[PDB]
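A lone chain, given as structure tokens: the form deposited in one PDB entry.
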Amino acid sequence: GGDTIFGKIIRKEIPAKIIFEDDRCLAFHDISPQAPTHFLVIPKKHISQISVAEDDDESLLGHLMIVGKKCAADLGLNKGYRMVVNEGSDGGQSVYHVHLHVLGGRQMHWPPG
């Protein structure tokens, strides 16, 4: 699903530390973790960035957050966590395939970058 490294992960062409999968998304740990728990939830649909998401993608985007919530509980994050979507250059977006970050296991600080 796409011409990025996240497409290769979805297609199982390269290994990843997969947490959860269903028919429309994939959750895996970030290869460059910024917290004791740091994982990504990505749609299998190649949406390059949140700014081009369509109105019909609404439930899919919410699905990423519900999956992230459920994964966080099953990774032991009962003291809280932070969810992040980066858009474009100012947002620090690293891969042009929409992805939800979930970070926890330490105190997250303010501002969020």
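All residue numbers refer to positions in the sequence shown, first residue = 1.
K.L.:
May I ask you to compare 46-54 and 62-70 by their mean CA B factor in the entry and name the higher one?
P.N.:
Looking at the recorded C-alpha B-factors, 46-54 comes out higher on average.
K.L.:
Tell me which stretch has the larger mean Cα B-factor in this entry, 73-81 or 27-35.
P.N.:
Looking at the recorded C-alpha B-factors, 73-81 comes out higher on average.
Same protein, other form: the form solved in complex with a small molecule, not shown, and the subject of what follows.
K.L.:
I have 25, 72 and 76 flagged as a candidate spot, so tell me whether each of them has a non-hydrogen atom within 4.5 Å of the small molecule in the bound PDB entry.
P.N.:
Heavy-atom distance to the small molecule in the bound PDB entry: none of the three under 4.5 Å.
K.L.:
Verify the contact flag for residue 29: yes if a non-hydrogen atom of it lies within 4.5 Å of a non-hydrogen atom of the small molecule in the bound PDB entry, no if not.
P.N.:
Looking in the bound PDB entry, residue contacts with the small molecule include residue 29, since a heavy atom lies within 4.5 Å.
K.L.:
Please determine whether residue 49 contacts the small molecule in the bound PDB entry, using a 4.5 Å cut-off between heavy atoms.
P.N.:
Residue-level check for residue 49: no, no contact with the small molecule.
K.L.:
Although the small molecule is absent from this view, report whether residue 64 comes within 4.5 Å of it in the bound PDB entry, heavy atoms only.
P.N.:
Close contact is absent here: in the bound PDB entry, residue 64 is far from the small molecule, nothing within 4.5 Å, heavy atoms only.
K.L.:
Using a 4.5 Å heavy atom cut-off, state whether residue 10 contacts the small molecule in the bound PDB entry.
P.N.:
No, residue 10 stays farther than 4.5 Å from the small molecule in the bound PDB entry.
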